[PDB]
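Protein chains in written order, with our numbering: chain X, 937 to 1209; chain Z, 150 to 481; chain L, 12 to 269; chain E, -4 to 318.
Quick reminder that beta carbons are idealized off the backbone N, C-alpha and C, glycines included.
Inspection log for the structure reproduced underneath, given as structure tokens.
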Amino acid sequence: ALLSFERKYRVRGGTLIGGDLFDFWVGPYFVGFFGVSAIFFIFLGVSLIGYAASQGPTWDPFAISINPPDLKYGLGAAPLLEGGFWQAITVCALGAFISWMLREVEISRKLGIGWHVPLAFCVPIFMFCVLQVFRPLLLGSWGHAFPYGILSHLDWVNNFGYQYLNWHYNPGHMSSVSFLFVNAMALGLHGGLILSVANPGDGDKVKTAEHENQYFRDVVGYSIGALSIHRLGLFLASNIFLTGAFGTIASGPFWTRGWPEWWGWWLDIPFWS
Amino acid sequence: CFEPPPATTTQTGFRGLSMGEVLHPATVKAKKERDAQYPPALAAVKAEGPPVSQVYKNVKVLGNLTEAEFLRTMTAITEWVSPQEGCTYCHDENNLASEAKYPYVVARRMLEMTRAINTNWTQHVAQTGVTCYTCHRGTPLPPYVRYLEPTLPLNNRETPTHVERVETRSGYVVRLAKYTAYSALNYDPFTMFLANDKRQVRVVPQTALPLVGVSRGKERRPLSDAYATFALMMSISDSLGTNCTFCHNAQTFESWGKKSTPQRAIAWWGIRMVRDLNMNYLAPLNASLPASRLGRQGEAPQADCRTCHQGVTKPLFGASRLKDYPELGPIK
Amino acid sequence: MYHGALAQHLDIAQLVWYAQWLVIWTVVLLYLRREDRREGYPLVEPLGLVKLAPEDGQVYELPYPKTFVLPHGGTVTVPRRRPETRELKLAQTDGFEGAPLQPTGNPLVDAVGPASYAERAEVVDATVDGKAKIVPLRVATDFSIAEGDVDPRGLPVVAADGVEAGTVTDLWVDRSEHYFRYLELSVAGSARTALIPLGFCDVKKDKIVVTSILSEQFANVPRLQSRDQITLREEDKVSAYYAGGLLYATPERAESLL
Amino acid sequence: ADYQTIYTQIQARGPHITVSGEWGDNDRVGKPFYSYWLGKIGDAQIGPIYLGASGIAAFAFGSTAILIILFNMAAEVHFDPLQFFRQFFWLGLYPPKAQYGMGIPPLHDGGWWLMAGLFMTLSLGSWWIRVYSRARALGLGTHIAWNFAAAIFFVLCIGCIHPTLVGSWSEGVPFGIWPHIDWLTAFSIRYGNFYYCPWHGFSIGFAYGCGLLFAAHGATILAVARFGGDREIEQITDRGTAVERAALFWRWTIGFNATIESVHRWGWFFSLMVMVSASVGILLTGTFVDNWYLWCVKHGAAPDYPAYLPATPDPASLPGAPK
Ligand code: BCB
Ligand code: BCB
Ligand code: BCB
Ligand SMILES: C/C=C1/c2cc3[nH]c4c(c3C)C(=O)[C@H](C(=O)OC)c4c3nc(cc4[nH]c(cc(n2)[C@@H]1C)c(C(C)=O)c4C)[C@@H](C)[C@@H]3CCC(=O)OC/C=C(/C)CCC[C@H](C)CCC[C@H](C)CCCC(C)C
Ligand SMILES: C/C=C1/c2cc3[nH]c4c(c3C)C(=O)[C@H](C(=O)OC)c4c3nc(cc4[nH]c(cc(n2)[C@@H]1C)c(C(C)=O)c4C)[C@@H](C)[C@@H]3CCC(=O)OC/C=C(\C)CCC[C@H](C)CCC[C@H](C)CCCC(C)C
Ligand SMILES: CC(C)=CCC/C(C)=C/CC/C(C)=C/CC/C(C)=C/CC/C(C)=C/CC/C(C)=C/CC/C(C)=C/CC1=C(C)C(=O)c2ccccc2C1=O
Ligand code: HEC
Ligand code: HEC
Ligand code: HEC
Ligand code: HEC
Ligand SMILES: CC(C)=CCC/C(C)=C/C=C/C(C)=C/C=C/C(C)=C/C=C\C=C(C)\C=C\C=C(/C)CC/C=C(/C)CCCC(C)C
Ligand SMILES: CCCCCCCCCCCC[N+](C)(C)[O-]
Ligand SMILES: CCCCCCCCCCCC[N+](C)(C)[O-]
Ligand SMILES: CCCCCCCCCCCC[N+](C)(C)[O-]
Ligand SMILES: [Fe+2]
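Encoded structure:
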């Protein structure tokens, strides 16, 4: 059940709600009040997916799709089969994600560590809200939101991009992509570096913090350092969505033309036209 | 930089596919007001007296009309094409049967062209049809035409800057960009696809696996054809003031059936109509036009989708004068 | 005919799909998940009594040992036998397997829960060329505070209760990374010194604020063996003490915020 | 809150460390200088830099590639310096537009592109040697260089291997800001929607996964910075409470956990697999699959949807319709 070093950490306390009532483990899993709400929302959400999928045409997991309502239903409730299941499942998803975040807060307090992880996890929750809640509110229908299906959600991303002719020219997207790419590079560099120091090979000795910094000063003239690459990593990753959200929100509510045309602000300055 | 909310949106596919139009109300309203300038139909006249083939001396196309009908046609033509210049744009004051001014002969061919559009191309123009106004908008030179190279501005009523002018070589990339909705695509889709019927627009294979004998080396279409098709599609979209999802489910651009809207099929017929118009009616007019109308390769100005549509999915928001002017088609 | 076609509705890309999944699951399950088990394994149950033979699963889930050759002599092998020796001042609040433990004594001194330290080597962490890594400025005389930043030497240390608890006498610096990790302070009215990690320090221009513990609790901060160097275990002891404060400094901090 | 996780409150200065490598200690040029503002969020020291043969070779070949591109870009605006700055994003150097197959194209239609391709490739190879050899010189493993090798391999796949395999240089990636972007859509269109390429899916999965892992890992280390969790090498060789807490945070959250060493293997593997997966997809594309959407349809994976507006037959296949 327990890791060899675990027992000393398994103390009472650190909860946000309920005190001792839900302050326990089941197997490796800490429960807490938010463990209980998470499971509630998961069970309810997965039930609604099951029921909705059975009323649909197929059981192939690649082809199942629970879709939002037609635009004409605006911000109202829709009949279950034609958007209402999507609406209910969306609420359950938010319930589950927020519960999951708040549970991590409780786990952090018990261990006497920083709350940085749940903080970081707010970012993808926020982005999910941008796609499914905020942007649909600004356009006036839940129908602008994405459908729940393995492949169907890609068809939505696809058409959404082509609604603005070439989405690659969206400046918020350019920022988002750049952070996606540099984050993946940086994780490889950081992971590679640490492994290279601890595993030089051929019975050679484990190297040092000084070797770490020497390697990057040699290769690129600068090393950000041990703590700071972790700060940077969080910053880079978080900015995939923090910058991306602007490009998403802007498309429709604040810009209706193609995204390449947006760059007219630069191209059509009279000085060089 | 930006356009304030709200946006008007429509649905063109199954819910959850993000297919539909996205429109800025102020932009739609400005285009509505521009297009509302379409002059109303002139009052109907009763058909009286002999056909103008017996009355007048040089009537080859509208000979079936009576005098009052025919003079009504001529007043309408003047309003649509040359309201500021008047009847004398095409006519000698002292001899109305003289063909000595070039606009006379061109106008005759335009009458035939317009009749052909409304009779042979109903698959595109339906019961709405076109008149002279659809293209001309009250000037002899239509505001949106194409040469065999790109020109700025798109509206020839605006005055070009030095860089915009076709002779300034440094502005070529910007001339091309603004015809392809500001993309950097390095292809002129007018000369490639709309001036004639030589090129195929379709580039996507219709099989999962590559067929042996078309899939290696010089057997293959170069990737450039895909860039060019995309450039045509950018240009088409901008010319109708819409986006790809008006015609396609982007899941599969190449598929018809449920993967395309009826507007896609209408657009298809539109590509054919424009080719017919350019090859058989508009391009031959370089013989009958002065040199100041021709482009740098001696070409007459020609038509694309914008020529009629001018940034709207239906030209003039579906306004029609077909019933009001039977003599412009359809012809039995 | 078709490039990529094989007999009986098969194609090359279809085969590569299956192969890719096989590679992924192989690397994840057989390699990475075993690399994950180099610490804390084997697991401890309510008394693993079978002393004469090992359970099969416990052997299967472990990788082959690896040996690290340390930079200043010695080797470490993982995974290995590491039971936690020291008596823990903790009692089971219930009979259930996953019920929390309660502190029986003073959890900060007893070093339980968030006050817990790991059993690291009683060894001074070293620089690339053998010197002690973490040392006060009095010893590291060639190191300085950067032009622009607060010199905290002289400033008071205000605890969570708002009481002045002591005065900052020195900063300990990491000579390998050029980074301050601790402040040293005199505990007023106790004739002793105490380290605090910078992460527990709100550095202001006229004071150092510390919300983790009360002023009185600075008395029982783990003492160092030597004045001018620190062991890896002592670093854990010192750091853990303040962390323990986050949950235990007052009775209300362990209870629910709502 | 731990303000140290946001920025360095008090910065330290001291003599500059130099770890000796097995060769090249004299090829380190420049004198180090310090930046107070950089030092808030990072190490204050900038320079020196190592300047070996492979690095110089990389700069030489790279500069040559950059110059070939810039000259061709400048030609595209008839050398007008003002229009060059204006239109920079829209300018590019293109592979052949015509189908010469594998034939060496004319300079006016893709030969300059091919040249710039060669010199970039030599520049990447030379930099790879730098990345590898510097590790060997300092007695470190070559883990970075193998990750970097996968990234270079992916570039070669889209740049020349895929063109070679289908037999047309016309399919290469153009040099330029918007033009390299435009290629993505042309390629996706040509090959029947890249969303339906499983290796696209895998690559994205790993790329998103890198986001997840670096956010989660970065945050984890910051959350245990109080206990020295940033000192990762000695937390591997001598488990501290930092990594015990980190491990238990994740075990109690998701039911299982890594070690401080193994999470770096997870990250390194995820990063590698972005590029490996991408490369496999491009190698299969054109070679063994022509339309990824139709391939998914063939194998029963594609979703289908009802008509909303009426289904629309292909007009080209109606009787008596024109070409
Ligand atoms: C033709 C269509 C295009 C398109 C259309 C597009 C759109 C419409 C949008 C993007 C967006 C984005 N695009 Mg993109 N795109 C991207 C990259 C990206 C991403 C960086 C970015 C953010 C994605 C996102 O919001 O995730 C969202 C992920 C979320 C919300 C994760 C939520 C996690 C949740 C909290 C937890 C879920 C838990 C599970 C259910 C639990 C189950 C677990 C199990 C194991 C127990 C690249 C790298 C490329 C390339 C190489 O060409 C590209 C091309 C295109 N994009 C095409 C040109 N793209 C987004 C953006 O930022 O644009 C500015 C966006 O809105
Ligand atoms: C703005 C653009 C978006 C986008 C664009 C996108 C693209 C372009 C591609 C994907 C793909 C994927 N997306 Mg997706 N996406 C997904 C989930 C997925 C997965 C099915 C897959 C792999 C993701 C991955 O490994 O991430 C990183 C996380 C990792 C590695 C941890 C493991 C996650 C696990 C594999 C997720 C499994 C989810 C379950 C199948 C769903 C829950 C089921 C319930 C009943 C428990 C979720 C759960 C959400 C939510 C809740 O917002 C989301 C939002 C978006 N995606 C936005 C709509 N997505 C890829 C795919 O292959 O699609 C078929 C793909 O190519
Ligand atoms: C309509 C167009 C689409 C498209 C077309 C597309 C294509 C054609 C290809 C991808 C590929 C990929 N797409 Mg993708 N895509 C992606 C994400 C991704 C990437 C994960 C993946 C790998 C590429 C990469 O990391 O390059 C970034 C990393 C690179 C390029 C490595 C560079 C390393 C190099 C050593 C750096 C050296 C530079 C030098 C220093 C500078 C020298 C230069 C000088 C000399 C000139 C997302 C998340 C989405 C969403 C959300 O919609 C999306 C939608 C689309 N993509 C649309 C469907 N996508 C690739 C793939 O996986 O295919 C299967 C791919 O080939
Ligand atoms: C998932 C895997 C990811 C991945 C992985 C990896 N990627 C690595 C490594 C790994 C492991 C390294 O080992 C290596 C490196 O060295 O890192 C420090 C490297 C690289 N990845 C670069 C760029 C990149 N990666 C991209 C993508 C992905 N990568 C994908 C996402 C993309 C995208 C997204 O398009 C781009 C643009 C360069 C910085 C570098 C090559 C330099 C070169 O080949 O020179 C070529 C020669 C030149 C003259 C170019 C000069 C300009 C550049 C910026 C170099 C200047 C440096 C110089 C020291 C500046 C002076 C500063 C001084 C005065 C203070
Ligand atoms: C830039 C910031 C990055 C980021 C950051 C972080 N990410 C974190 C943390 C941080 C810091 C954690 O602390 C937390 C965690 O614990 O790590 C192991 C977590 C997690 N990241 C997950 C998924 C993930 N992260 C993604 C993206 C990024 N992450 C970006 C890149 C993506 C995509 C798509 O890119 C995916 C799929 C889960 C594995 C996990 C949540 C578990 C959960 O919430 O449990 C609770 C909920 C469930 C177990 C199931 C709920 C079922 C609902 C009710 C019914 C289904 C509805 C659903 C909407 C249907 C969709 C269908 C689909 C086909 C469309
Ligand atoms: C039945 C019942 C009533 C239960 C009640 C209890 C309860 C609430 C149970 C929850 C049950 C549920 C819903 C379980 C699902 C758990 C989930 C969401 C699992 C998702 C796992 C996935 C796919 C993770 C993706 C990320 C990934 C690839 C991780 C692998 C590597 C790991 C383990 C990283 C975490 C990790 C990181 C990021 C470190 O930095 C670090 C540093 C030092 C030591 C350890 C670590 C470490 O473990
Ligand atoms: C060019 C756009 C024209 C304008 C403006 C006007 N007319 Fe015209 N007219 C035009 C053509 C091409 C023709 C030949 C028609 C044919 O079917 O072949 C005509 C003809 C006439 C006639 C008949 C003359 C004759 O052959 O005897 C008349 C009487 C006439 N047009 C009069 C007329 C008036 C009054 C106009 C201004 C209100 C006018 N036309 C404008 C071309 C164009
Ligand atoms: C788009 C399909 C058109 C319709 C319908 C009509 N015209 Fe037209 N016209 C069109 C073009 C592209 C051009 C070439 C540009 C040019 O200015 O020559 C023309 C030309 C004319 C002209 C000559 C004008 C001049 O050069 O000064 C005339 C007199 C003219 N067109 C008249 C005309 C009439 C009477 C029409 C209706 C029956 C008509 N046009 C329709 C495009 C299009
Ligand atoms: C209606 C007014 C359309 C809009 C808007 C867009 N497209 Fe289109 N497209 C349309 C038609 C009628 C055709 C067929 C052309 C023919 O002569 O047969 C096409 C074709 C394509 C293709 C090629 C499909 C193939 O079989 O190879 C592609 C890739 C394509 N279209 C894409 C596309 C994009 C990206 C668009 C928005 C920028 C777009 N099209 C708009 C009709 C219409
Ligand atoms: C004038 C000769 C035209 C040219 C050139 C093009 N189009 Fe057109 N189009 C025209 C008319 C008169 C109409 C009918 C409007 C109506 O009320 O029915 C249309 C219609 C379309 C449509 C359908 C729009 C809808 O149903 O909402 C589309 C999609 C369309 N046209 C596209 C299109 C394209 C792509 C063209 C260039 C190849 C093009 N049209 C040329 C008139 C004329
Ligand atoms: C045998 C011989 C003859 C044939 C084989 C030759 C060979 C191996 C060719 C290989 C060619 C390859 C791999 C080509 C790949 C091309 C690719 C992937 C290009 C991609 C992107 C290009 C971009 C972004 C170009 C940008 C260009 C510019 C910004 C102008 C140059 C100036 C710069 C300052 C570069 C900055 C780039 C960036 C850091 C911002
Ligand atoms: C394909 C890359 C070709 C580049 C050739 C130029 C690089 C020279 C390499 C010298 C390496 C010397 N060494 C091993 C001592 O580092
Ligand atoms: C991101 C795209 C994901 C598409 C996944 C489709 C893979 C289909 C493979 C099916 C395997 C073969 N079979 C026999 C089951 O059909
Ligand atoms: C699309 C990319 C797929 C990435 C798959 C990696 C998922 C990690 C699996 C963790 C499994 C945990 N456990 C305990 C069952 O081994
Ligand atoms: Fe790390």
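Item: Three-state secondary structure (DSSP) of Z/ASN435; Value: helix
Item: Separation of E/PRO169 from E/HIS175, as counted between CA atoms; Value: 5 Å
Item: Residue interval of the alpha helix (DSSP H) (run including X/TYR1151); Value: 1145 to 1156
Item: E/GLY204 - DSSP class collapsed to helix/strand/coil; Value: helix
Item: Proximity test, X/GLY1183 beta-carbon vs ligand 2 heavy atom, cut-off 7 Å; Value: no
Item: Beta-carbon spacing of Z/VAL201, Z/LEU191 below 8 Å; Value: no
Item: Residue span of the alpha helix (DSSP H) that contains L/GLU195, given as start and end; Value: From DSSP, L/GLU195 is part of no alpha helix (DSSP H) but of the beta strand (DSSP E) over 190 to 198.
Item: Coarse secondary structure for Z/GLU476, derived from DSSP in three states; Value: helix
Item: At least three beta-carbon pairs within less than 8 Å, the segment 278 to 295 of chain E to the segment 187 to 200 of chain E; Value: yes
Item: Residues from the segment 342 to 362 of chain Z in contact with chain E, defined by Cβ distance under 8 Å; Value: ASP346, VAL352, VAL353, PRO354, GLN355, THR356, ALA357, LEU358, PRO359, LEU360
Item: Chain-ordered chain Z contacts of L/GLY124 [CB-CB under 9 Å]; Value: Ordered by position in chain Z, no residue passes the 9 Å Cβ test against L/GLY124, which lies about 49 Å from the chain.
Item: CB contact check: L/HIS20 to chain Z, cutoff 8 Å; Value: no
Item: Contact test: Z/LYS463 Cβ vs ligand 10 heavy atom, cutoff 7 Å; Value: yes
Item: Residues that DSSP places opposite residue 3 of chain L in a beta bridge; Value: Here chain L has residues from 12 to 269 only, and residue 3 of chain L is not among them.
Item: Counted within 10 angstroms of its Cβ, other Cβ atoms place E/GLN82 as buried (16 or more) or exposed; Value: buried
Item: Where E/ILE44 sits in the DSSP three-state scheme; Value: strand
Item: Cβ-Cβ separation, X/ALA1120 to E/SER257 (assumed contact under 8 Å), whole Å; Value: Not a contact, Cβ separation roughly 19 Å.
Item: Cβ shell of Z/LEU465 (< 6 Å), same chain only, five flanking positions each side left out; Value: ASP184, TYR187
Item: Residue burial classification, X/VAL1155 (beta-carbon count within 10 angstroms, cutoff 16); Value: buried
Item: Heavy atom of ligand 2 within 7 Å of Z/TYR238 beta-carbon; Value: no
Item: Proximity of X/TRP1078 and X/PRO1004 at Cβ, strictly below 8 Å; Value: yes
Item: Within 8 Å, strictly: CB atoms of Z/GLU152 and X/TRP1191; Value: yes
Item: Cβ contact check for the segment 332 to 347 of chain Z and the segment 94 to 110 of chain E: 3 or more pairs under 8 Å; Value: no
Item: Proximity test, X/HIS1166 beta-carbon vs ligand 15 heavy atom, cut-off 7 Å; Value: yes
Item: 8 Å Cβ cutoff met for L/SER223 and L/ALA260; Value: yes
Item: Neighbour list for L/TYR13 in chain Z, Cβ cutoff strictly below 8 Å; Value: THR356, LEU358, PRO359, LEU360, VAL361
Item: CB contact below 8 Å: Z/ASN243 versus chain X; Value: no
Item: Which of helix, strand or coil DSSP assigns to L/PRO167; Value: strand
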